[PDB]
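S.K.: Below is the file model21.pdb, with PDB, C-alpha atoms.
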ATOM      1  CA  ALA A 150      -7.096  12.447   0.247  1.00  0.00           C
ATOM      2  CA  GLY A 151      -7.510   9.302  -1.917  1.00  0.00           C
ATOM      3  CA  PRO A 152      -6.999   5.861  -0.444  1.00  0.00           C
ATOM      4  CA  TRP A 153      -3.439   5.466  -1.602  1.00  0.00           C
ATOM      5  CA  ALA A 154      -3.322   1.693  -1.096  1.00  0.00           C
ATOM      6  CA  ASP A 155      -6.164   1.260  -3.638  1.00  0.00           C
ATOM      7  CA  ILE A 156      -4.344   3.138  -6.412  1.00  0.00           C
ATOM      8  CA  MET A 157      -3.208   1.180  -9.471  1.00  0.00           C
ATOM      9  CA  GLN A 158      -2.249   2.361 -12.954  1.00  0.00           C
ATOM     10  CA  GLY A 159      -5.407   1.871 -15.075  1.00  0.00           C
ATOM     11  CA  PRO A 160      -5.395   0.836 -18.721  1.00  0.00           C
ATOM     12  CA  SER A 161      -6.123   4.375 -19.964  1.00  0.00           C
ATOM     13  CA  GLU A 162      -3.595   5.940 -17.558  1.00  0.00           C
ATOM     14  CA  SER A 163       0.042   6.683 -18.276  1.00  0.00           C
ATOM     15  CA  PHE A 164       2.724   5.772 -15.789  1.00  0.00           C
ATOM     16  CA  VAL A 165       3.274   9.404 -14.890  1.00  0.00           C
ATOM     17  CA  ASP A 166      -0.454  10.057 -14.375  1.00  0.00           C
ATOM     18  CA  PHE A 167      -0.544   7.074 -11.981  1.00  0.00           C
ATOM     19  CA  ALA A 168       2.646   8.282 -10.212  1.00  0.00           C
ATOM     20  CA  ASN A 169       1.137  11.717  -9.690  1.00  0.00           C
ATOM     21  CA  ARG A 170      -2.180  10.320  -8.381  1.00  0.00           C
ATOM     22  CA  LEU A 171      -0.359   7.881  -6.068  1.00  0.00           C
ATOM     23  CA  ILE A 172       2.026  10.515  -4.696  1.00  0.00           C
ATOM     24  CA  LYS A 173      -0.810  13.003  -4.023  1.00  0.00           C
ATOM     25  CA  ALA A 174      -2.717  10.313  -2.106  1.00  0.00           C
ATOM     26  CA  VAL A 175       0.364   9.311  -0.093  1.00  0.00           C
ATOM     27  CA  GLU A 176       1.100  12.985   0.750  1.00  0.00           C
ATOM     28  CA  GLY A 177      -2.469  13.350   1.997  1.00  0.00           C
ATOM     29  CA  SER A 178      -2.284  10.138   4.058  1.00  0.00           C
ATOM     30  CA  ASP A 179      -1.782   9.642   7.809  1.00  0.00           C
ATOM     31  CA  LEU A 180       1.574   7.974   7.159  1.00  0.00           C
ATOM     32  CA  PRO A 181       4.657   9.235   9.013  1.00  0.00           C
ATOM     33  CA  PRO A 182       6.542  11.660   6.747  1.00  0.00           C
ATOM     34  CA  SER A 183       9.607   9.361   6.641  1.00  0.00           C
ATOM     35  CA  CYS A 184       7.554   6.458   5.296  1.00  0.00           C
ATOM     36  CA  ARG A 185       6.180   8.316   2.275  1.00  0.00           C
ATOM     37  CA  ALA A 186       9.131   7.722  -0.085  1.00  0.00           C
ATOM     38  CA  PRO A 187       9.572   3.965   0.598  1.00  0.00           C
ATOM     39  CA  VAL A 188       5.794   3.387   0.302  1.00  0.00           C
ATOM     40  CA  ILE A 189       5.722   5.358  -2.983  1.00  0.00           C
ATOM     41  CA  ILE A 190       8.663   3.262  -4.318  1.00  0.00           C
ATOM     42  CA  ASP A 191       6.979  -0.001  -3.366  1.00  0.00           C
ATOM     43  CA  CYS A 192       3.718   1.099  -4.968  1.00  0.00           C
ATOM     44  CA  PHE A 193       5.516   2.048  -8.206  1.00  0.00           C
ATOM     45  CA  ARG A 194       7.091  -1.413  -8.262  1.00  0.00           C
ATOM     46  CA  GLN A 195       3.809  -3.258  -7.451  1.00  0.00           C
ATOM     47  CA  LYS A 196       0.918  -1.167  -8.723  1.00  0.00           C
ATOM     48  CA  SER A 197       1.988   0.109 -12.123  1.00  0.00           C
ATOM     49  CA  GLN A 198       0.930  -1.760 -15.308  1.00  0.00           C
ATOM     50  CA  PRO A 199       2.861  -5.011 -15.718  1.00  0.00           C
ATOM     51  CA  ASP A 200       5.082  -3.762 -18.572  1.00  0.00           C
ATOM     52  CA  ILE A 201       6.097  -0.819 -16.378  1.00  0.00           C
ATOM     53  CA  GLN A 202       6.738  -3.089 -13.370  1.00  0.00           C
ATOM     54  CA  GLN A 203       9.108  -5.025 -15.636  1.00  0.00           C
ATOM     55  CA  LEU A 204      10.884  -1.847 -16.763  1.00  0.00           C
ATOM     56  CA  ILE A 205      11.235  -0.523 -13.203  1.00  0.00           C
ATOM     57  CA  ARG A 206      12.911  -3.715 -12.071  1.00  0.00           C
ATOM     58  CA  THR A 207      15.747  -3.165 -14.608  1.00  0.00           C
ATOM     59  CA  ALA A 208      16.684   0.119 -12.820  1.00  0.00           C
ATOM     60  CA  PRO A 209      20.055   0.300 -10.947  1.00  0.00           C
ATOM     61  CA  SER A 210      20.182  -0.199  -7.152  1.00  0.00           C
ATOM     62  CA  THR A 211      21.501   3.415  -7.031  1.00  0.00           C
ATOM     63  CA  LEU A 212      18.072   4.814  -7.958  1.00  0.00           C
ATOM     64  CA  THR A 213      16.508   5.200  -4.557  1.00  0.00           C
ATOM     65  CA  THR A 214      13.959   8.052  -4.796  1.00  0.00           C
ATOM     66  CA  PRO A 215      10.553   8.365  -6.500  1.00  0.00           C
ATOM     67  CA  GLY A 216      11.879  11.114  -8.788  1.00  0.00           C
ATOM     68  CA  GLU A 217      14.818   8.973  -9.934  1.00  0.00           C
ATOM     69  CA  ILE A 218      12.448   6.099 -10.808  1.00  0.00           C
ATOM     70  CA  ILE A 219      10.059   8.473 -12.614  1.00  0.00           C
ATOM     71  CA  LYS A 220      12.901   9.871 -14.758  1.00  0.00           C
ATOM     72  CA  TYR A 221      14.171   6.327 -15.415  1.00  0.00           C
ATOM     73  CA  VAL A 222      10.782   5.217 -16.779  1.00  0.00           C
ATOM     74  CA  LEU A 223       9.881   8.403 -18.720  1.00  0.00           C
ATOM     75  CA  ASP A 224      13.388   8.596 -20.285  1.00  0.00           C
ATOM     76  CA  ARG A 225      12.857   5.083 -21.658  1.00  0.00           C
ATOM     77  CA  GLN A 226       9.389   5.650 -23.120  1.00  0.00           C
TER
ATOM     78  CA  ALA B 150       7.432 -12.252   0.076  1.00  0.00           C
ATOM     79  CA  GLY B 151       4.027 -11.327  -1.441  1.00  0.00           C
ATOM     80  CA  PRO B 152       3.454  -7.922  -2.974  1.00  0.00           C
ATOM     81  CA  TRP B 153       1.847  -6.392   0.068  1.00  0.00           C
ATOM     82  CA  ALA B 154       0.328  -3.434  -1.790  1.00  0.00           C
ATOM     83  CA  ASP B 155      -1.720  -5.844  -3.963  1.00  0.00           C
ATOM     84  CA  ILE B 156      -3.331  -7.601  -0.986  1.00  0.00           C
ATOM     85  CA  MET B 157      -7.070  -7.157  -0.437  1.00  0.00           C
ATOM     86  CA  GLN B 158      -9.539  -9.216   1.591  1.00  0.00           C
ATOM     87  CA  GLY B 159     -11.222 -11.540  -0.954  1.00  0.00           C
ATOM     88  CA  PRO B 160     -14.854 -12.611  -0.798  1.00  0.00           C
ATOM     89  CA  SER B 161     -14.009 -16.081   0.557  1.00  0.00           C
ATOM     90  CA  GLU B 162     -11.458 -14.694   3.046  1.00  0.00           C
ATOM     91  CA  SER B 163     -12.118 -13.704   6.636  1.00  0.00           C
ATOM     92  CA  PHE B 164     -10.786 -10.460   8.018  1.00  0.00           C
ATOM     93  CA  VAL B 165      -8.224 -12.282  10.119  1.00  0.00           C
ATOM     94  CA  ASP B 166      -7.011 -14.398   7.179  1.00  0.00           C
ATOM     95  CA  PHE B 167      -6.494 -11.167   5.196  1.00  0.00           C
ATOM     96  CA  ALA B 168      -4.747  -9.504   8.186  1.00  0.00           C
ATOM     97  CA  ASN B 169      -2.363 -12.430   8.508  1.00  0.00           C
ATOM     98  CA  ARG B 170      -1.576 -12.505   4.760  1.00  0.00           C
ATOM     99  CA  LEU B 171      -1.075  -8.715   4.686  1.00  0.00           C
ATOM    100  CA  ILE B 172       1.162  -8.662   7.768  1.00  0.00           C
ATOM    101  CA  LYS B 173       3.345 -11.529   6.466  1.00  0.00           C
ATOM    102  CA  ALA B 174       3.819  -9.672   3.169  1.00  0.00           C
ATOM    103  CA  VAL B 175       4.654  -6.394   4.930  1.00  0.00           C
ATOM    104  CA  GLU B 176       7.169  -8.177   7.221  1.00  0.00           C
ATOM    105  CA  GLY B 177       8.837  -9.648   4.141  1.00  0.00           C
ATOM    106  CA  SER B 178       8.920  -6.280   2.339  1.00  0.00           C
ATOM    107  CA  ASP B 179      11.796  -3.819   1.845  1.00  0.00           C
ATOM    108  CA  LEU B 180       9.992  -1.248   3.990  1.00  0.00           C
ATOM    109  CA  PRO B 181      11.852   0.364   6.901  1.00  0.00           C
ATOM    110  CA  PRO B 182      10.947  -1.491  10.112  1.00  0.00           C
ATOM    111  CA  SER B 183       9.315   1.642  11.600  1.00  0.00           C
ATOM    112  CA  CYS B 184       6.925   1.961   8.661  1.00  0.00           C
ATOM    113  CA  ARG B 185       5.471  -1.541   8.956  1.00  0.00           C
ATOM    114  CA  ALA B 186       2.813  -0.778  11.597  1.00  0.00           C
ATOM    115  CA  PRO B 187       1.414   2.423   9.992  1.00  0.00           C
ATOM    116  CA  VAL B 188       1.311   0.744   6.547  1.00  0.00           C
ATOM    117  CA  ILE B 189      -0.463  -2.300   8.053  1.00  0.00           C
ATOM    118  CA  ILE B 190      -3.020   0.019   9.758  1.00  0.00           C
ATOM    119  CA  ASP B 191      -3.685   1.917   6.541  1.00  0.00           C
ATOM    120  CA  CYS B 192      -4.099  -1.320   4.601  1.00  0.00           C
ATOM    121  CA  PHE B 193      -6.578  -2.665   7.182  1.00  0.00           C
ATOM    122  CA  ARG B 194      -8.586   0.543   6.821  1.00  0.00           C
ATOM    123  CA  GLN B 195      -8.455   0.556   2.971  1.00  0.00           C
ATOM    124  CA  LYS B 196      -8.124  -3.023   1.777  1.00  0.00           C
ATOM    125  CA  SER B 197     -10.486  -5.050   3.930  1.00  0.00           C
ATOM    126  CA  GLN B 198     -14.028  -5.857   2.681  1.00  0.00           C
ATOM    127  CA  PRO B 199     -16.273  -2.788   2.789  1.00  0.00           C
ATOM    128  CA  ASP B 200     -18.321  -3.936   5.811  1.00  0.00           C
ATOM    129  CA  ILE B 201     -15.065  -4.396   7.733  1.00  0.00           C
ATOM    130  CA  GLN B 202     -13.748  -0.986   6.613  1.00  0.00           C
ATOM    131  CA  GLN B 203     -16.947   0.467   8.080  1.00  0.00           C
ATOM    132  CA  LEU B 204     -16.485  -1.409  11.364  1.00  0.00           C
ATOM    133  CA  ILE B 205     -12.820  -0.399  11.675  1.00  0.00           C
ATOM    134  CA  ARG B 206     -13.692   3.261  11.318  1.00  0.00           C
ATOM    135  CA  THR B 207     -15.902   3.076  14.460  1.00  0.00           C
ATOM    136  CA  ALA B 208     -12.807   2.135  16.557  1.00  0.00           C
ATOM    137  CA  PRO B 209     -11.519   4.664  19.175  1.00  0.00           C
ATOM    138  CA  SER B 210      -8.563   6.955  18.352  1.00  0.00           C
ATOM    139  CA  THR B 211      -6.762   5.156  21.239  1.00  0.00           C
ATOM    140  CA  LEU B 212      -6.428   1.957  19.182  1.00  0.00           C
ATOM    141  CA  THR B 213      -3.154   2.565  17.430  1.00  0.00           C
ATOM    142  CA  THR B 214      -1.594  -0.862  16.716  1.00  0.00           C
ATOM    143  CA  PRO B 215      -2.481  -3.670  14.282  1.00  0.00           C
ATOM    144  CA  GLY B 216      -3.172  -6.052  17.181  1.00  0.00           C
ATOM    145  CA  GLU B 217      -5.591  -3.608  18.828  1.00  0.00           C
ATOM    146  CA  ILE B 218      -7.530  -3.239  15.550  1.00  0.00           C
ATOM    147  CA  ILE B 219      -7.565  -7.024  15.017  1.00  0.00           C
ATOM    148  CA  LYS B 220      -9.007  -7.606  18.512  1.00  0.00           C
ATOM    149  CA  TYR B 221     -11.533  -4.793  17.958  1.00  0.00           C
ATOM    150  CA  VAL B 222     -12.863  -6.427  14.773  1.00  0.00           C
ATOM    151  CA  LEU B 223     -12.773 -10.085  15.932  1.00  0.00           C
ATOM    152  CA  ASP B 224     -14.418  -9.195  19.292  1.00  0.00           C
ATOM    153  CA  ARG B 225     -17.325  -7.681  17.352  1.00  0.00           C
ATOM    154  CA  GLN B 226     -17.868 -10.580  14.946  1.00  0.00           C
TER
END
Rewrite the structure from the file as structure tokens, please.

M.R.:
Amino acid sequence: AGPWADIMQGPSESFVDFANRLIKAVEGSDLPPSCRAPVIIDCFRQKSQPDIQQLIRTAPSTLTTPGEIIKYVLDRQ
Amino acid sequence: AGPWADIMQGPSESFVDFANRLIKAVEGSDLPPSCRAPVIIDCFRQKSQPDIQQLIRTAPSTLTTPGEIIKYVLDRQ
């Protein structure tokens, strides 16, 4: 699919649009299935727009899946 | 350490300098130990300068570790 490691949230892209693009690229990648979720998490933390990076880092340590982080961000927009 | 998913080979950087920076950042990351090598491999394929990306994709399917890919590239420079 798309080169997942190149994906960053662009200035006309919402967080969720970026999350969806990123996840699709990771799912289509050659990565071991068990690495998908931690790579997605790291890319949300590092590759979203800076304001979103700053919101994600306020999330509790108990939020450990991509879906939990997505709900955390969208519920605060 | 450094945000590994942001790392790309810059125009004044050699391939090996980029590989070393990338690997250090991945080693310092929160990634599961078993995901380090496949993430490194993917980042070499996607985040090096375009001419290097094109050289890496000529490598045999038998080269499966970061070190094998590093030797493949450096031995051809």

S.K.: Pull out every residue of chain B that has at least one atom within 9 Å of chain A, counting all atoms listed in the file, and report them as a count of residues only.

M.R.: 16

S.K.: Return as a list in words the set of residues that the PyMOL selection byres ((chain A and resi 226) around 12) yields on the displayed structure.

M.R.: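 For this structure, the PyMOL selection byres ((chain A and resi 226) around 12) captures residues 163, 164, 165, 200, 201, 204, 205, 219, 220, 221, 222, 223, 224 and 225 of chain A.
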
S.K.: Quote the spacing between atom CA of residue A:215 and atom CA of residue B:175 in Å to one decimal place.

M.R.: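 Separation of atom CA of residue A:215 and atom CA of residue B:175: 19.6 Å.
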
S.K.: I'd like the interatomic distance between atom CA of residue A:159 and atom CA of residue A:218, to a tenth of an Å.

M.R.: 18.8 Å

S.K.: For each of A:173, A:197, A:202, A:207, take the minimum atom-to-atom distance to residue A:160, counting only C-alpha atoms, then give the residue where this is smallest.

M.R.: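 Smallest distance to residue A:160 is found for A:197.
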
S.K.: Extending 3 Å beyond the listed atoms of stretch 206-217 of chain A on each side, what axis-aligned box results? I want centre and edge lengths in Å to one decimal, as lines of an AutoDock Vina configuration file.

M.R.:
center_x = 16.0
center_y = 3.7
center_z = -9.6
size_x = 16.9
size_y = 20.8
size_z = 16.1

S.K.: State, in Å with one decimal place, the distance from atom CA of residue A:158 to atom CA of residue B:166.

M.R.: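 Atom CA of residue B:166 lies 26.6 Å from atom CA of residue A:158.
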